[PDB]
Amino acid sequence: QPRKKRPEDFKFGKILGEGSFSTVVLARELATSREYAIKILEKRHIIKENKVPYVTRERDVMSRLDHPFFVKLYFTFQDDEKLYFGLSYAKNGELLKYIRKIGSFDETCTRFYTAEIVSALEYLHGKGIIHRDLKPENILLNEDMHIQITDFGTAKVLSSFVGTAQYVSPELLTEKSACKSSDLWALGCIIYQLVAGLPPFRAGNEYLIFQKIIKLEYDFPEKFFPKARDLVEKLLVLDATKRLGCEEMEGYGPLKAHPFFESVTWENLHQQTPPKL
């Protein structure tokens, strides 16, 4: 393998994202002129707040991913104060940006992007990995407008944590337990948001959102594609063992065979040209 990279190998540019424990900065490697999104984490702050297990798990999960619809981890290094993770740069930003820009997706764009997300989840879940915080903010778009799912700090590897309120599955609120089917619940919220323009469970504060989620209190706009509504109803199901895609429903085959996806070719989505948004 190549000798470890270091900060001096790059010219750092603009900040791409900021979290409580990390900052992602666009960087151009001098020897190659390649651009990477470098996630930078301060060792002191991680240790102080007991985040070592999360940072360790994020790195370890990313190392295992080798699929076009996921962030790729190219390299890591550290200096005295900071860890550096070299990630694929998703030039077009967040799916959420496009939702806002255009309001809501037509049926062809909903179908295509939903199919990429389902195909990515099939790969992720086949590895026994659960994302636990899936949402349009961490579904990025590459230069070619294919998805690149990111943000694995909170993932779980199948042999505690609660993600973003609007996408939280009822079982987390009633058990503190997660599973693959929790990602599928989030998928149901995302589809709904692509079609309606907004997430299904909304309210003034988290407490009230949580109330709506555990009561399955949401509804569909009249202009909701009927087949997409049927799919969303089969995903937003309080009983986690009855969600389309979960093991107790015999997995991804029946999900991928849903009528909403009739015209989808599953085998080579990454090779297909995405519908203009």
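Note that residue numbering follows the sequence shown and begins at 1.
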Select between 213-221 and 30-38 the stretch whose C-alpha atoms have the higher average B-factor in the entry. 213-221
Looking at the deposited entry, does 66-74 or 42-50 carry the larger mean Cα B-factor? 42-50
Peak C-alpha temperature factor (PDB record), options 149, 99, 129, 191: 99
Using the B-factor values recorded in the entry, state whether the Cα atom of residue 201 falls in the lowest, middle or highest third among the modelled residues of its chain. middle
Quick one: classify residue 61 as lowest, middle or highest third of the chain based on its Cα B-factor. lowest
Of the three thirds of Cα B-factor ranks in this chain, residue 94 occupies the middle
Residue 240: C-alpha B-factor third of its chain, per the entry, is the highest
For residue 172, the third of its chain by CA B-factor is the highest
